[PDB]
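S.K.: turn this into a model:
(5 chains, ligands or ions: 2)
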Amino acid sequence: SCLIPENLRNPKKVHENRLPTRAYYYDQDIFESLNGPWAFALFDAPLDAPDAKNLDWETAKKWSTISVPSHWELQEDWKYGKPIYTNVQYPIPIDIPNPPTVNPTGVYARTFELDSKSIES
Amino acid sequence: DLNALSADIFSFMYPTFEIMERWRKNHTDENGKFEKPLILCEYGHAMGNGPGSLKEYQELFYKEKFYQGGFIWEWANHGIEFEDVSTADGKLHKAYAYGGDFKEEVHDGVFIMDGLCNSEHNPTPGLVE
Amino acid sequence: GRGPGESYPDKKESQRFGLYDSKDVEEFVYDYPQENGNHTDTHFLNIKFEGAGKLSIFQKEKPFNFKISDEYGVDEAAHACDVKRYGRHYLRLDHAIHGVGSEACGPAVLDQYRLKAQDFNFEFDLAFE
Amino acid sequence: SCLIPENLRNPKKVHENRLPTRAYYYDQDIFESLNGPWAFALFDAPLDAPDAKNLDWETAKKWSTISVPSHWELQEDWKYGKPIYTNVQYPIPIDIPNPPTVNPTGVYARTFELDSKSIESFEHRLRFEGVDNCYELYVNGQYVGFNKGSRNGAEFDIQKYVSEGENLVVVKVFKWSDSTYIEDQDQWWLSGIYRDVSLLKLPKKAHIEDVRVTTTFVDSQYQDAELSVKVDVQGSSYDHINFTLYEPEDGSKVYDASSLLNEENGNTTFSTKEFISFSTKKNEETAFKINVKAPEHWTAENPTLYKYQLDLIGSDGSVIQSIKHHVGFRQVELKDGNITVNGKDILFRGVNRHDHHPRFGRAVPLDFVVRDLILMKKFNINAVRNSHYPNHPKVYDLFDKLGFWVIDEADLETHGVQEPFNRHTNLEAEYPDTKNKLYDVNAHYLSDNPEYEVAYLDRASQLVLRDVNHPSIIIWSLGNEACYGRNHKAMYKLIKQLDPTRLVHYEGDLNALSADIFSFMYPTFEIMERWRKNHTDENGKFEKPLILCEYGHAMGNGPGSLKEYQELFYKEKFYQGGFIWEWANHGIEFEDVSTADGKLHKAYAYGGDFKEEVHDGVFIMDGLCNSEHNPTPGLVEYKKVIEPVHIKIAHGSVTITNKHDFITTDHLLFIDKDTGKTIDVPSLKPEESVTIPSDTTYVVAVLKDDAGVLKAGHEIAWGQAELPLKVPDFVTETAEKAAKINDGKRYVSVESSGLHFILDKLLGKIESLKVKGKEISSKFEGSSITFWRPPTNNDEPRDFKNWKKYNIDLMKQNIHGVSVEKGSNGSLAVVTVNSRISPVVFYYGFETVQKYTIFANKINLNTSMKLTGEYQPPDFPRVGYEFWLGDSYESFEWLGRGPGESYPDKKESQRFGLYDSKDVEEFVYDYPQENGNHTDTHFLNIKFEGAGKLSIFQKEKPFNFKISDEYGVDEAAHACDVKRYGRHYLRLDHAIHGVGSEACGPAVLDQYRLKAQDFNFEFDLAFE
Amino acid sequence: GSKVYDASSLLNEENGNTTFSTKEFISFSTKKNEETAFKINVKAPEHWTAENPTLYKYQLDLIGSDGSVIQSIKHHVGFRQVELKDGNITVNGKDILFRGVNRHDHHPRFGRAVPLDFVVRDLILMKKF
Ligand SMILES: [Mn+3]
Ligand SMILES: [Mn+3]
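M.R.: Numbering: from 1, shown residues only, chains lettered A, B, ... in the order given. Ligands and ions are numbered 1, 2, ... in the order given. Dropping the coordinates below:
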């Protein structure tokens, strides 16, 4: 299935490059929040989303913003859809391990500042 | 994992007293020893007016060392706030959505509203009981 | 009788006995409209009329059930705001009421709480001050 | 008075050992929160409270806890009393400067841990953001100091008193003091530590104490500017200071609550887009002046900010302390008689905002304040007045970042000195041009009292010095309604010495002898105009301008005539706008017993609900937003009248005028609503306009992109061509149908295929009208034409008194003759009713003729009402029919104004269109009153289940209507007290009285009053 | 565990210069080039239990050659042992009883993006019931 990206239909692709899980401790001096407004665009499926290896901030600047954290089905005026409730039944067809081809894809973008000393320290 | 082949505990959801009692008896040996206990990971479904007979479950919990209690389902209704058109009024009002209100192709309706607390996470008579 | 909140055969024990005034109670609004507001094990009920005192109501030899409300269209109202209201209140004065159980997901109302089909015999007094 | 402690009755004891006020900067590394649960006990008076010099933690441990911050009148189960509402009147006896002897005293206690290294490394302070009314402070059983000024901050040096290990903080808080006399704001009386408490750890050997930042343009063309940064460094062990200004972030920057409130952090790199850098030299002044090439201006319409970092640096070249804040390049002047920012004479589109939350009171979560301001921006507001005190210090960065013109106001109100005078002299009215002579009588008690000078100066000093560095603040105000005296003059001198960069406001000073601005509250247009003319010389020059610090009182249904105030604002350069009173209702959430139900319901309290001895009732509920801080129709209307772009559509032309002070229209997308295609609008500068030929009826001005706290597509302005009244194309059945007419002794029947008309001739009542499955009948009590409405808050002081006096609520219809004839021109029958409609007790009334022309599918109702008799009312609330709707009734739809309610002087925000009742959440007033009317209604369709619609239209003029459920509105204290019928009614009205702002301000204007006169109007009841 | 908390003190996240505690009980140091781990015997510590959540605060410091603090972890220890013992779920030797609920992440407006403030609200209510 070349119309569905490989990593969305691979049960073994649990992550790529994720660090090993460790015990959680919040530390104010270490943790710096990136919550707030991010540039955001929603696409019908992966193939309509831009290549992120070529996405400028100059391009993403022009998008609407969404606030992180939040679900995109819970926005002012249901801008990016509405919530779906199912109990037992899957809301997709069962074709393990394929997801549906039309697969809502949201691209988030924001920037942050880094010091000369920061990268060194 | 009914027989806890790879668990340390037995667990039922929404069991009948008779079913609890069958299990107890089939897992207590002649000496009165049991190898693993029973919890109710989900019981006393709290949907709407109810749950009834929390009393009878409790009496059972206190009577047998083999039972170690339960966790009622659920803490709070999953209602989402939205604008509803009133069937009484013909006008727009704040309400709490369950399946169908967002016009899903497939949904499970009012099973969203199964908490001891309402959608605003405030106590119902269920929690009080 | 039992209060301050509602009570049902298998959902009543949290509601201790005492003298209760409707003015002190915020009656519970269900997120999904359904049977509500019953008071079980009622010894007597006083209904206050402006400028004319009270009407006392009691059932002979057994406590009774009652509901005083405003509401209708409850069966088909999808949300609290869909509930219709009359221009006057009614009294629902009941000899008996079915239990509540947890059958939406779990056991049916237990036998001793079911309002089984049978003969009914009961006596009420409507005592006017 | 030895039964009252000396410090609670000494106007000069403003504080003991409080540090000098400095510019506020929050720093996460320095600030350590002491918020949370504290040991707390309440005592009847000071003499019952323990001696804090002997209070153990072992003893205080045993008390109940209260959470800081919070008011003690707002606890679970009203444990420590209930809120008290007074407007003008003091809730205490006036015996200046004594407070009452019985003076609620709350003792707070908690502990905190201190390290060995901590005491060595840092200077330790306690900072209290706000405590009401005043307090003495103890650490480890030792007196630290005393403080007055409830909405001001305070820092105390704690170094001498602290130990390694556990440290005990004890705060003794008093409800009343000599300070109470100057804290008489029209608001809730609430006590306690209601704002943050912090432990500050400053670097010990040297630290930054204070910073002053000013931006002065060098030139009359406002290009190059001088940035002046002066630093006060405390201690010897430092080398110099560094300063970095970063490249600007445009005011169009996108924010949300999370990013606005983010407080991080130590290792967080503030910015790296360097613009200017400066270093000081060893042993030289820790201050400097920099020339800045053509910087981006800070404006409320475009709050462009330059971030900066100020570093204190030691001998080893390491950073001792950093301040990360911002600079807004802005200059305020009094120039050619106008308040001027960067050379431009600005317009205030403002509100007064108190600190209020429906559950927490004046202890407002910052989250909630952000909510307020986002809403303000969403509704075209550009300015706020801090009525009547400074807010939490963190709020001012919010103004800086979002862009508001801010009047920061001293915590000083004296109003209550007038109340005994008002009652003794039976004073009926105060007017902005003359009322100062009344206040002059009592100024000697406080504002002209030398004993209070120190206190008055303290309120000024505290106000200015805490907030000096916020570009959003352009005006300092000396307080509110405190009369006028020497103390105000003293405050003015001090503020100008402290901060020459801003202007001074004080409304109590009519002639602005010690203010830079003129200010009125609730003035009449005539009064505004008298003032303008008396202060403009023969050349057209004025020395100072006029603002309305309070106007358009937003209490309940209203305010009316915002339109007429605005027209005035735009017409004269001398007027620079106003701030409406108020932002939001001050309602406190509580459990109410229902008058409708007999049951308990959530409601919002105003005066009386908490059973005060003395209170001022419903004057709590005077906001554009309700108690839950959500928009009312007031806010909706205000947004429209103040829209910063005018769109006028006439004669095949759209004229667009830019009404901003600074920004262009470039950020706006103009949509032709009739076609959906956008309109190419040239970039318009302030006051520039353009006419574009178009066939359009309806043009909208909308935001192109997310900017600030607003979303793409957000409506800023709009315009419509006026809509002619068109008769619907309903076909009346004029074919000849056989019809049975039964004219009985009392009742008259007209029956035909699909039609049933019964009238009670004795009453003039329609018993039943059923046409094609659709039924109505008259909602009858005395009369078939009624005049009453549940009085608005504005109606109460005068119009209601008149309407009650003339028994308008008891209008009766007395039938004189009924005429029944067979149908003529396609007609089935004509029933004509002659009657007198007059109230009991009275002569005046209407000689009335009601002609019912009955067709098979339509009923024409002609009403002729001739005003007759002596001793008439001036005006009526309303005039029209009331009809019960059949059981079939489900919904309605109308052509006219919407989606919300509308009234003669409160309607323009409600554009024309086709509206469906199903799409509208009808507004619930916190205080039940006249609501739900729709004015300028072209036609109304009432939908009946399974039987289609009934169409209703008035001939030759648009009409008024209300469809509802409700009654007992007059006497319902709260929303939950409103009663409801088992069926809906239609209130179908020829005309309705305007709304005005008379609860505090001008009566409904003449052109909006429903004057007593003859009424003649024709309605059609067309059945599908 | 009888310690008094509120939303503010439960959620307080501060801070760098804040002195965690100073009521020292036990101290341990590791030696250069040795395992960065250890086992300590603790004399009759206070038990952590759900009915009494007694906690020992601790501070763990990473230390450089110059003896300065590279990084700190400030957390707590709850002295508690869970076992399967004679067929029962056992904490500190005691066969416990679950008085429980299932709690999903839910907020009526934000969904699964629940403010911590709101979670605290949930748990206070649970304890109150
Ligand atoms: Mn509904
Ligand atoms: Mn009430």
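
S.K.: pick out the residue of chain A closest to chain C.
M.R.: When you check chain A against chain C by CB to the nearest CB, the closest residue turns out to be residue A:87, at 9.9 Å. From N, CA and C alone the C-beta is placed, and that goes for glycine too.

S.K.: from memory that residue sits against residue B:111, does it?
M.R.: Yes: Residue A:87 lies in contact with residue B:111 (CB atoms under 8 Å); the separation is 5.3 Å.

S.K.: sorry, back to before: give me the neighbour count for the spatially closest residue to the residue of chain A closest to chain C that is not a sequence neighbour.
M.R.: Once flanking residues are discounted, residue A:87 sits nearest to residue B:108: 3.7 Å by CB to CB, 6 or more residues apart in numbering or on different chains. Counted by other CB atoms under 10 Å in any protein chain shown, the residues lying close to residue B:108 total 15.

S.K.: surely residue B:108 meets residue A:91?
M.R.: No: look at residue B:108 against residue A:91 with CB under 8 Å: they stay out of range, at 10.4 Å.

S.K.: can you name the residue of chain A nearest to ligand 2?
M.R.: Distances between chain A and ligand 2 by CB to the ion are smallest at residue A:76, namely 33.5 Å.

S.K.: phi, psi of that residue?
M.R.: phi -40, psi 130 (degrees, to the nearest 10).

S.K.: can you check residue A:57 too?
M.R.: Dihedral angles (degrees, to the nearest 10) for residue A:57: phi -70, psi -30.

S.K.: does it touch residue A:112 like I think?
M.R.: No: in this structure, residue A:57 is not within contact of residue A:112 by CB under 8 Å, at 11.0 Å.

S.K.: between the two, what contacts are shared?
M.R.: Counting by CB atoms under 8 Å, 6 or more residues apart in numbering or on different chains, no residue touches both residue A:57 and residue A:112.

S.K.: before we move on, back to that, so the residue of chain A closest to chain C: helix, strand or coil?
M.R.: coil (DSSP: H, G, I helix; E, B strand; the rest coil).

S.K.: remind me, longest strand of chain A?
M.R.: strand A:36-43 (DSSP state E).

S.K.: looking at chain A, what residue ends up closest to chain D?
M.R.: Closest point on chain A to chain D, by CB to the nearest CB, is residue A:36, at 3.4 Å.

S.K.: circling back: quick one: contacts for the residue nearest to residue A:87?
M.R.: A:85, A:86, A:87, A:88, A:89, B:99 are the contacts of residue B:108 under CB under 8 Å, 6+ apart.

S.K.: let's go with 10 Å and repeat that
M.R.: A:85, A:86, A:87, A:88, A:89, B:98, B:99, B:100 (CB atoms under 10 Å, 6 or more residues apart in numbering or on different chains).

S.K.: so what does residue A:117 look like in phi/psi?
M.R.: According to degrees, to the nearest 10, residue A:117 has phi -70, psi -30.

S.K.: what of residue A:47?
M.R.: According to degrees, to the nearest 10, residue A:47 has phi -70, psi -10.

S.K.: again, but for residue A:66
M.R.: phi -130, psi 150.

S.K.: residue ranges of the strands in chain A, please?
M.R.: Under DSSP E, chain A gives strands at A:36-43, A:65-68, A:105-109.

S.K.: those into a markdown table, with extra columns for distance to ligand 2?
M.R.: As requested, these are exported to a markdown table (distance: least, CB to the ion, whole Å):
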| stretch | distance to ligand 2 |
| --- | --- |
| strand A:36-43 | 42 |
| strand A:65-68 | 38 |
| strand A:105-109 | 47 |
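
S.K.: helices of chain A, start to end?
M.R.: A:57-60, A:116-120 (DSSP state H).

S.K.: would you list these in TSV and tack on distance to ligand 2?
M.R.: Below are the helices of chain A laid out as TSV (distance: least, CB to the ion, whole Å):
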stretch	distance to ligand 2
helix A:57-60	53
helix A:116-120	59
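
S.K.: ligand 1: which of the ones you listed is closest?
M.R.: Nearest to ligand 1, of all these, is helix A:57-60, at 40.2 Å by CB to the ion.

S.K.: return that closest one as PDB; C-alpha atoms alone will do.
M.R.: In PDB, the C-alpha atoms belonging to helix A:57-60 read as follows (Å, rounded to 0.1, in the frame of the first residue of the first chain):
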ATOM      1  CA  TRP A  57       9.100  29.200   9.300                       C
ATOM      2  CA  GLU A  58       8.500  32.000   6.700                       C
ATOM      3  CA  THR A  59       5.900  29.600   5.100                       C
ATOM      4  CA  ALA A  60       4.400  28.300   8.400                       C
END
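
S.K.: quick one: it to chain centroid distance?
M.R.: Here helix A:57-60 shows a centroid-to-chain-centroid distance of 17 Å under the convention CA atoms, centre = their mean, to the nearest Å.

S.K.: same deal with stretch A:43-61?
M.R.: In terms of CA atoms, centre = their mean, the gap separating the centre of stretch A:43-61 from the centre of its chain is 12 Å.

S.K.: cool, stretch A:39-58 as well?
M.R.: With CA atoms, centre = their mean, you get 11 Å for stretch A:39-58.

S.K.: can you give me the end-to-end span of it?
M.R.: 11 Å (CA to CA, to the nearest Å).
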